[PDB]
Amino acid sequence: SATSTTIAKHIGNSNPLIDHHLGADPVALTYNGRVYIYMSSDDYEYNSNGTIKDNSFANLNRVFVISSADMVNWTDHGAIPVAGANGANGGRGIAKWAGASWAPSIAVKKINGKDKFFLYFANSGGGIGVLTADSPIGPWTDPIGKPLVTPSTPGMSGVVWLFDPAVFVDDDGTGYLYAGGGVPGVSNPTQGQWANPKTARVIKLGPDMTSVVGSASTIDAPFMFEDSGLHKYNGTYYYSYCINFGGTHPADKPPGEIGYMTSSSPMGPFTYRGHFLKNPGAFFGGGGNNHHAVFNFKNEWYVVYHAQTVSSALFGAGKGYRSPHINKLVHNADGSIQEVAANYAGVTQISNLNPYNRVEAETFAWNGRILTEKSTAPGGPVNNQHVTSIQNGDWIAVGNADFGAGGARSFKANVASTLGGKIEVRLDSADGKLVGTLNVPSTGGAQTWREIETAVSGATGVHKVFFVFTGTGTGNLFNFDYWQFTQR
Ligand SMILES: O[C@@H]1[C@@H](O)[C@H](O[C@@H]2CO[C@@H](O[C@@H]3CO[C@@H](O[C@@H]4CO[C@@H](O)[C@H](O)[C@H]4O)[C@H](O)[C@H]3O)[C@H](O)[C@H]2O)OC[C@H]1O
Ligand SMILES: [Ca+2]
Ligand code: NA
Ligand code: NA
């Protein structure tokens, strides 16, 4: 009954994090037991004849957000319509001054006893903006109505590409913004311009995280290119960035790789240490921009980065379209960082999923091959999505659902369907033990939602769980908002 194949994130593998769409320039928020990943909205551009053309970043006007409690099952929180200029996101789009929202950065700060969230983004190469929210997934407000940082921000002149923000809230509650990149000398930098672009910047933020304090300092990242990052390990601040591709490079600053520098203060002085992530081309073939954030989630150090692993699998060429990956990052006893072993296997699931809570359908580890959108389902979480583009033989799967010793009694699915179909609930594999079959009736339409219940038996212990979609003809069989098992 399950016939569709995984594009790039194969069952058992944790990279790329998702493959049912793209997501470039990832950054991580760790918050109340979940990692959020916020991403540039990579999205295929097409020639007029419907063939794919190389990514020119034309579609980078949203921020894609996924989250996980376990590194394997990703809840799709959909898209934040950040860019509102030109104009389009069809209306919708939150920062009216910004035509683009590249390379997000995310921070949370408790203000007046309430957690407040701050999403930073680059309006292409021209400035940094910020949105605010009372939850990591929104809804979002543009407090300011203009960029937060421009070339006129003190200290920011001399930056070639005023982009790739990284916002770090220090242990004392002070925010810092790292930004910049590009290489001076336009079409022909001299060797020395390659070697010391002097286009990286850090600026301190005001307490409210929507203003700057003082002037930006230059970080002299050798062979700076883009992709500022900041993490703090054992009291030391690590400024990381992508090394440029031009000029001759010494062996210790290899082109297109992630370099890093350390300092005992967030604003420097920084000393190059420092490379830990080869170009994604070195691992997955070969190659492109390289774009990364280091974070600690549930007591482990990771780097999120991107690679052209979904587009290459679909097209035979990555064409600049990028997908998020995570691997472990290891700090040595001396504080240096080991080369990250970027791969497909990725990170092993760190905790089980509880299938007795409401679980969004768009919370899955693997799929073949569906889409997620914006749902009309009543209620649900902020920016509630559903699984759609469900055809016969499609499926989604969660990793390590723990049904417990007693096991499940029933399975509920919130579904909307014009003609109906089935959800087969299978353990371990797409062709695995059938524990139940939910008959999706005609509900009256794709926006008319019914919670359907069906019996489950044989579902005990920890398993991958596959929801295999079947139906006749069509089209879209149904959309698929959330599910919940009952005990026992
Ligand atoms: O409008 C401005 C944009 O144009 C500017 O876009 C940047 C263009 O450069 C992007 O970096 C690319 C990454 O790929 C490099 O080539 C690789 C060299 O090794 C080969 O193995 C591999 O196949 C190649 O892909 C290329 O040299 C380098 O320029 C950068 O990420 C973009 O940001 O952005 C700012 C806008 O203001
Ligand atoms: Ca949902
Ligand atoms: Na970033
Ligand atoms: Na499909």
Side-chain angles (χ1 to χ4, degrees), residues 24-28 37-40 54-58 60 63 75-78 99-100 102-106 120-128 151 159-168 177-183 187 189 194 199 225-230 240-247 254-258 278-282 284-295 303-306 308 317-320 322 324 358-364 372-388 413-416 449 479-484:
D25 308 326
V27 72
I37 307 295
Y38 302 74
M39 286 158 293
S40 296
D54 283 350
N55 197 353
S56 66
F57 312 145
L60 305 193
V63 166
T75 301
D76 202 307
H77 298 289
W102 294 5
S105 180
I106 179 68
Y120 304 82
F121 60 92
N123 184 29
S124 314
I128 310 295
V159 175
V160 167
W161 294 333
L162 180 46
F163 73 176
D164 289 10
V167 169
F168 171 74
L177 168 62
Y178 301 74
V183 178
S187 82
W194 289 118
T199 51
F225 198 43
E226 51 179 332
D227 177 35
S228 290
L230 202 291
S240 49
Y241 62 99
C242 183
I243 295 163
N244 65 45
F245 298 82
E257 309 203 3
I258 299 315
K278 298 174 184 284
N279 197 267
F284 306 108
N289 55 54
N290 188 4
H291 201 107
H292 90 283
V294 178
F295 61 97
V303 60
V304 63
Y305 61 94
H306 68 217
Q308 303 173 56
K319 305 185 93 70
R322 295 145 308 169
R358 170 181 164 147
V359 175
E360 296 313 312
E362 65 265 27
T363 296
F364 55 80
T372 53
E373 74 185 354
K374 223 161 157 44
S375 193
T376 55
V382 176
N383 213 36
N384 184 42
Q385 305 284 296
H386 58 220
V387 174
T388 189
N414 200 42
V415 292
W449 292 89
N479 301 313
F480 183 12
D481 171 35
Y482 73 81
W483 52 263
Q484 183 171 19

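Numbers for residues simply follow the sequence, beginning at 1. Remember, it's 1-based here, ligands and their atoms both numbered in the order they're listed.
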For the Ca ion (ligand 2), angle spanned by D481 O and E360 OE1 (nearest 10°) is 80°

For a ring pair (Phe, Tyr, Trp, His ring centres under 6.0 Å) with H386, tell me which candidate from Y482, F364, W449, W483 qualifies.
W449

Got the closest protein heavy atom to atom 18 (C) of ligand 1, with its distance?
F245 CD2, 3.6 Å

Check whether any N, O or S atom of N384 sits under 3.0 Å from the Ca ion (ligand 2).
yes

Under 4.0 Å to a heavy atom of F163 - the qualifying atoms of ligand 1, by number
33 (O), 34 (O), 35 (C)

Give the C-alpha distance, both sets of side-chain angles, the deciding distance and a yes or no for side-chain contact (heavy atoms from CB on, under 4.5 Å) between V160 and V183.
CA-CA 6 Å; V160 167; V183 178; over 6 Å; no

Sub-4.5 Å side-chain heavy-atom contact between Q385 and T75
no

Mark up the atoms of ligand 1 that fall under 4.0 Å of a heavy atom belonging to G286, in ascending order.
23 (O)

Atom 30 (C) of ligand 1: the protein heavy-atom neighbour that sits closest, reported with distance to 0.1 Å
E226 OE2, 3.4 Å

Can you find a protein heavy atom closer to atom 25 (O) of ligand 1 than 4.0 Å?
yes

Just wondering, do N479 and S375 contact through their side chains at under 4.5 Å, heavy atoms?
no

Has the side chain of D481 got a donor or acceptor atom that lies under 3.5 Å from a matching backbone atom of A361?
no

Tell me whether ligand 1 is touched by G281 - counting only heavy atoms on the residue side and a distance under 4.0 Å.
no

Assign the ring pair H291 / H306 to parallel, tilted or perpendicular, where the plane angle (0 to 90°) is split at 30° and 60°.
parallel

Shortest protein contact, atom 32 (C) of ligand 1 (heavy atom only):
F57 CE1, 4.0 Å

Under 3.5 Å: N/O of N289 near N/O of ligand 1:
yes

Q385 near the Ca ion (ligand 2) via N/O/S, less than 3.0 Å
yes

side-chain contact (heavy atoms from CB on, under 4.5 Å) between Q484 and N414, intermediate numbers included
CA-CA 9 Å; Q484 183 171 19; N414 200 42; over 6 Å; no

shortest atom 12 (C) of ligand 1-to-protein heavy-atom contact is with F225 CE2, 4.1 Å

How far is atom 8 (C) of ligand 1 from its nearest protein heavy atom, and which residue and atom is that?
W161 CH2, 4.0 Å

Do the non-hydrogen side-chain atoms of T388 and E362 ever get within less than 4.5 Å of each other?
no

Taking 3.0 Å as the cut-off, does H292 contribute an N, O or S atom near the Na ion (ligand 3), distance below it?
no

Test side-chain contact (heavy atoms from CB on, under 4.5 Å) on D227 and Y241; report intermediate values, then the result.
CA-CA 5 Å; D227 177 35; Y241 62 99; 5.6 Å; no

Verify, without hydrogens or angle tests, whether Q308 (side chain) and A317 (backbone) share a donor-acceptor contact under 3.5 angstrom.
no

On the 0 to 90° scale, with breaks at 30° and 60°, tag the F225-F245 ring pair as parallel, tilted or perpendicular.
perpendicular

For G125, counting its heavy atoms only, list the atoms of ligand 1 lying under 4.0 Å from any of them.
37 (O)

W102: numbered ligand 1 atoms lying under 4.0 Å from its heavy atoms:
34 (O), 35 (C), 36 (C)

Would you say atom 34 (O) of ligand 1 touches the protein, meaning some protein heavy atom is under 4.0 Å from it?
yes

List the closest protein heavy-atom neighbour of atom 23 (O) of ligand 1: residue, atom name, distance to the nearest 0.1 Å.
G287 N, 3.3 Å

